[PDB]
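Notes follow the structure.
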Amino acid sequence: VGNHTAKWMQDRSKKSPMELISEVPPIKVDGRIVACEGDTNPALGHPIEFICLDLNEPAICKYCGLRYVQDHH
Amino acid sequence: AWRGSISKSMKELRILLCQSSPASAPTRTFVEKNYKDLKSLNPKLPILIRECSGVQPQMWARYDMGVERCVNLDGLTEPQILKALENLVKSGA
Amino acid sequence: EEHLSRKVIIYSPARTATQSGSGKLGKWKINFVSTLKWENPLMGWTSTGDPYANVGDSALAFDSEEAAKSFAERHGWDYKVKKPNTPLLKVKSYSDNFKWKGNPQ
Amino acid sequence: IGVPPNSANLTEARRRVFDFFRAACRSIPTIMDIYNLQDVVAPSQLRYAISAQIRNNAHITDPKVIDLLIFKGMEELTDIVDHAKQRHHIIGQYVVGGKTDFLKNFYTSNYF
Amino acid sequence: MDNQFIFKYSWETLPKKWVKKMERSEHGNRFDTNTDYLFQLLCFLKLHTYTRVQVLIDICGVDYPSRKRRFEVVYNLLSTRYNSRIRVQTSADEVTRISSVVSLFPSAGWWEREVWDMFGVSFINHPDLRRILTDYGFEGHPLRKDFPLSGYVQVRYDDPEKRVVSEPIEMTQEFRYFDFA
Amino acid sequence: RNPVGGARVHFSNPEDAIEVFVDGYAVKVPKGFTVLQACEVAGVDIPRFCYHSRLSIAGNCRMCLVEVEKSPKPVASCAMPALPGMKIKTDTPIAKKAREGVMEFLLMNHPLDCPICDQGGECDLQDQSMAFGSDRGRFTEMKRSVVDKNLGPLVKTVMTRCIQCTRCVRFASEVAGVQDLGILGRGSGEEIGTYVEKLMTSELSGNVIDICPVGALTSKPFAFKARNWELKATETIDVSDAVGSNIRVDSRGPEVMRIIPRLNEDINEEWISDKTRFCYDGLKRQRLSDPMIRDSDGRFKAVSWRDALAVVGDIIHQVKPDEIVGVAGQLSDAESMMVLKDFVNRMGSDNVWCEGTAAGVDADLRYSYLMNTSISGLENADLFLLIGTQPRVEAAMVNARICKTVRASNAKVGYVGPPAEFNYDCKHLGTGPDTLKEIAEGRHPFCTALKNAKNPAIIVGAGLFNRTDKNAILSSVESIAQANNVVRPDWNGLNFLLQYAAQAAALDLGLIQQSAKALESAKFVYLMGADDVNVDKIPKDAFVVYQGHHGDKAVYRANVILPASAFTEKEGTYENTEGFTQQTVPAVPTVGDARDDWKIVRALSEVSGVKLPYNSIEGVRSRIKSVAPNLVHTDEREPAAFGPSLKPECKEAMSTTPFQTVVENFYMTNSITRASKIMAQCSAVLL
Ligand code: SF4
Ligand code: SF4
Ligand code: FES
Ligand SMILES: [Zn+2]
């Protein structure tokens, strides 16, 4: 739907990767920091990324787009 | 009286010289001594003094239809530089 | 014949601004000013018809200005030499960060 | 047969130039039948083409440059005769058979 | 017959004017000769009892555009009798003909043709010196550093002329040079 | 040994040199050099992160540690002063192991995002990890993480990568002159930021991208677009102003990807302004690509070059010679301006000038329109008097030199003009010419300070050259200059700051507006890229021809449009405000059917019946040699040969109108920047 996706995606039957990643709700974390590997098996994921959750907005993993939020505060 | 009539004869005067070379020394004295009077009597005439590090002393006048005449000022004394200008003003203009 | 009369530039590439290391300077290259490229109308790939499109940066290198200049005139290329800019090493002191402002004026 | 040593002086080099001119120009009737140029160009026009190439280098004074030019000339000649790549209006490197030059170039493109 | 013996023996027995440089290293013993002595030095190495350098492995050129003699001609040689290898090199420019060693080693014939084809170095007394690898009517010597990777011309079939024809190159995607330095 | 990077060393006196030993080798360095600098002289490259040659020494990264004889501890070479007899060792096991340990600490909390980090491929941290600390990683605990900060539309932030080198903080306080970035907190949890939400509003803010050694501060409009290894580097100059800043243009195919500073100690010192760095976007937008004549319905139609040139040439002969007017644009090269002047003069007209305030100025003596002190010579002034000029927005890199001098030398600044925001302390002396009379007659605290200054510097803006009393103002300025001994054989403190890249060469070539109302009486108007002229003054029935690469209002009025190449697509000659002449270098092909500017004029002249005596650019430059020979002696520094004494005496009475502001919008100054997405965003938030 966006201009970035329209450059390569000429098929409107399915949802774009941008919309698909926006649909998965943020993952709630007990703590201010979370490590994302992108896979249950770290060797099959992306390089480990440590994400700070100090902001109120959901924090995005810069590799896979998963979002994390603080569970309590 | 011709020094009051350079505006009516040519459209533009250019003097090229070297900042330090001895070959440009007569031209520099000519510029340092005559420009004040020439500009005063010809207030609407561009007298472009353009100095470059390695150019032979020259003098250019621009008349009608961008027609131009040049005079080589090397090996000339300052009154002869004043003479060459008067020939430019009075002839071909 | 036809490619021997093109104008080139002999120059020493300067240091990049994104890195503080100086380990690429001192090299001399012949710029062929190959600036005729366009887009292929099937994929948009960068098309070119200039044989000297990339040889000046990939393979042709010279360790000195004189070596670069001699090769160009033997091949018949009309060249212009651009001298490289070099930094001026100036006296610096860590102590200057604490200089006394002087008597209250 | 073999590649000769470099010519000692300009008399030797220019002597080699005439043998090449003789050998290259003597092969024009062979070239005419190979490329079927009977109704295309006269033999004299190709003879004058070879002579013109030789004259355009008349200013060379180094005998070693002359030797290399003749060797490349023999190779160019041999490929034309032995392994012909027939185009229509060229053989090898040579074409066979009110405004100044600025506006023509200007109307064509921005790269001169 | 190790590389120490050859280096020491050659210095004592070889004529002094033949060698300008001698390098002993684990990368290979290497004699740098002048152009006019290359033939005689190789004949000495082949015939002498204590060297017996009978096999010419290959001849190759190297381009150094920054040098007044840009080309370096490298002779790699082997002695099966003593199980040793030797390297002899010489320099040349675009107009200096150098001696052919076909009379010493018949295998030099094709390798000298390749050097001429790839670099433009000519060989005195070579029996049949012509291009061996490139297409007929080729212009230039592609292994020179200044020669462009994709060359100057390309071929295609032209239906109106009913033949394969040569035209100046036109690339859909130009070769991308990546500068990782 | 060759100094690292060919760095030049200047000695005040040979007696003021000391001897040091670097890895045994002997080197002679000036007194006051640091150990690191002595290493540079000896051709030894010492790794460093926090040290920058143009910023104050910090000594916090500890990557420059070397071994010094008789010293118990490894020495931070960037900060330690070199001493006579000092024996410096840079590759002993103590130095190598110290570098290995520091590198391990640097990578301890560094994020694993080289593939998504724009610094990859041109990263100091990657290279020094490869070379010096080739230690397999043994840190297995949890890394720290940092949230990102919003600094505006130009600087993209990923603060997990920051290594707390404080280069950006020191740049903001010592070069930019705007104290907004700081280091907040304590310990491993210290963070670079502004604390409160605010954007980097300095016109030099984009330089923090260059100085940040990691990918923490990166260019937002460039983000993820390319890797450094696929970019072709072209060494050229900037045409956004009359400074001629040296730049490197990075391109991929027929497209400029980014613009970064190039070293030139005499002009910009590896800094550039935000306009120079972020205006490349407009180069591929709204480009005139084809010749175009307006049709019967008053709508443009593309045509060939032959048809377009014939239309213009056919109609130029139906107007009187005095009604032909040609205006050169602010981005015009010297070659194109010379051919324009030649064509107009052979069409019997004398109305050719360059757009801008300095259109009808007296160009006889070159001192009267150039910075005679020179940009690098401003560092020797102990007093600046700025009259009717806002350097911060007119010439950003010149303003940078002034700020640098005020902080280092404690030079005083007097400003006369409209209220403006300065990035350094300055006394506001007044807004109009009455202060110039006030300064001339003395009796003022600044008047005695100007008299008490050893090497004073007056800078007068070119925006005061279109005023009704330019002569009276310049007469007063010279009287202040002579009275205070501003011009001497050993110090030329009188300066004139031009605003446009084309102005210096136009004045040298003779492009001077004679008739002040020649535009309002014109029947033929040739606009050679002059998009900043007011086109309502052109009669509604006057043929207008526009030649350029962009355009907003002149394109609307033009009857014929001639597409022209941009400065990134040609070799042109440009002269900056200090008389330094440079040349652009072509980086990318031109777009559409555009042609080089001088080619269009030379082609149009032949079609119009005039024969000019040149077919190539080389003939044009030989012609220029007859007019302004310094224009063809590129990259040469030359002092002025004549001074104010030759100026005729002037008796006009000064007006009362206060000085006006030349540049209302720093980001919207030329047609390239006005076609830029990024410059539009900057005008929205950064202003
Ligand atoms: S700054 Fe970027 S490229 Fe350099 S080490 Fe860190 S993640 Fe990798
Ligand atoms: S953001 Fe960059 S320049 Fe600023 S302190 Fe961190 S690493 Fe240094
Ligand atoms: S460079 Fe010296 S401590 Fe950082
Ligand atoms: Zn992830």
Side-chain angles (χ1 to χ4, degrees), chain C residues 5 7-9 11-27 29 31-40 44-50 53-54 56-58 65 78 80-102 105, chain F residues 2-10 29-34 37 40-41 45 47-49 51-53 56-57 59 78-81 119 122-124 127-128 209-210 213 228 232-235 246 248 252-254 260-266 270 410 569 571 583 585-590 635:
Chain C
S5 184
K7 283 185 85 133
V8 292
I9 284 165
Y11 75 111
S12 182
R15 187 205 87 176
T16 206
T18 44
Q19 306 217 248
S20 292
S22 311
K24 293 184 64 162
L25 293 111
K27 293 179 179 179
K29 293 179 179 179
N31 187 12
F32 288 101
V33 302
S34 185
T35 51
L36 209 157
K37 60 205 63 198
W38 67 91
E39 306 87 327
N40 155 285
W45 287 338
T46 300
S47 316
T48 304
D50 196 320
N54 78 67
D57 294 281
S58 317
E65 178 176 341
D78 177 46
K80 310 259 137 194
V81 157
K82 326 207 91 165
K83 326 298 297 143
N85 282 322
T86 67
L88 200 31
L89 286 184
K90 226 158 52 155
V91 165
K92 285 171 86 53
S93 176
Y94 180 74
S95 306
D96 291 358
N97 311 351
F98 315 114
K99 271 184 184 173
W100 182 52
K101 286 181 183 170
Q105 296 295 322
Chain F
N2 303 320
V4 162
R8 300 178 271 102
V9 192
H10 170 51
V29 299
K31 194 214 233 283
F33 269 33
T34 70
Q37 277 170 321
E40 301 290 273
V41 168
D45 223 324
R48 91 285 307 281
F49 286 112
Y51 175 72
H52 195 289
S53 85
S56 63
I57 297 162
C78 70
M80 173 78 75
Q119 200 77 31
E122 46 176 31
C123 178
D124 278 348
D127 302 336
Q128 286 177 207
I209 292 126
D210 297 315
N228 86 298
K232 174 190 113 181
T234 291
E235 297 204 71
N246 289 337
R248 185 185 109 222
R252 185 182 71 204
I260 61 99
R262 189 158 60 76
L263 163 69
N264 191 316
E265 288 275 355
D266 292 336
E270 86 208 329
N410 289 284
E569 303 146 351
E571 214 286 2
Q583 291 201 316
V585 173
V588 292
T590 59
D635 289 327

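The figures here come from the full heavy-atom set of this structure, side chains too, leaving out hydrogens, waters and symmetry mates. In what follows, chains carry the letters A, B, and so on, assigned in the order in which the sequence lines appear, proteins first and then strands, with residues in each chain numbered from 1.
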Exercise for review: Assess whether side chain to side chain donor-acceptor pair (under 3.5 Å) is satisfied between C:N31 and F:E235, documenting all intermediate values.
Suggested key: CA-CA 11 Å; C:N31 187 12; F:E235 297 204 71; over 6 Å; no
Review point. Passes side-chain contact (heavy atoms from CB on, under 4.5 Å), C:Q19 versus F:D127? Steps please.
Key: CA-CA 10 Å; C:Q19 306 217 248; F:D127 302 336; 3.0 Å; yes
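Here CZ of C:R15 is found 7.5 Å from CG of F:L263. Values are rounded to the nearest 0.5 Å.
Here C:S20 is the residue among C:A53, C:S12, C:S20 with the most heavy-atom pairs under 4.5 Å with chain F. In terms of non-hydrogen atom pairs under 4.5 Å with chain C, the most contact-rich of F:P47, F:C123, F:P3, F:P261 is F:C123. For chain F, the option among C:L89, C:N54, C:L25 with the highest count of heavy-atom pairs below 4.5 Å is C:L89. Options F:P30, F:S53, F:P81, F:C78 differ in how many heavy-atom pairs under 4.5 Å they form with chain C, and the most are formed by F:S53. Heavy-atom pairs under 4.5 Å with chain C were tallied for F:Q583, F:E270, F:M80, F:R248; the largest tally goes to F:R248.
With a 4.5 Å cut-off on side-chain heavy atoms, C:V33 and F:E571 do not count as touching. Residues C:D96 and F:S56 form no side-chain contact, since every pair of their non-hydrogen atoms from C-beta on lies 4.5 Å or further apart.
C:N97 contributes a side-chain N or O that, together with a main-chain N or O of F:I57, makes up a donor-acceptor pair within less than 3.5 Å. A distance-only check finds a donor-acceptor pair linking the side chain of F:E265 to the backbone of C:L88 [under 3.5 Å]. Using modelled atom types, one side-chain atom of F:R8 and one backbone atom of C:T86 make a donor-acceptor pair closer than 3.5 Å. In terms of modelled atom types and a separation under 3.5 Å, the side chain of F:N264 and the main chain of C:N85 share no donor-acceptor contact. Side-chain atoms of F:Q37 come within 3.5 Å of backbone atoms of C:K90 as a donor-acceptor pair (strictly under, hydrogens ignored).
Interface remark: C:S47 contributes no atoms to any contact with chain F (heavy atom separation under 4.5 Å). Using a 4.5 Å cut-off between heavy atoms, F:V585 contacts chain C through its side chain alone, with no backbone atom that close. For chain C, the nearby part of F:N246 is the side chain; its heavy atoms alone come within less than 4.5 Å. Both the backbone and the side chain of C:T18 have a heavy atom closer than 4.5 Å to some heavy atom of chain F. Using a 4.5 Å cut-off between heavy atoms, C:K7 touches chain F through its side chain atoms alone. For chain F, the nearby parts of C:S22 are the backbone and the side chain; heavy atoms of each come within less than 4.5 Å.
With sequence neighbours left out, the ring pair (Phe, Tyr, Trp, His ring centres under 6.0 Å) criterion links C:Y11 to no other residue. F:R252 is linked by a side chain to side chain donor-acceptor pair (under 3.5 Å) to F:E230, counting only residues two or more places apart in sequence or in another chain.
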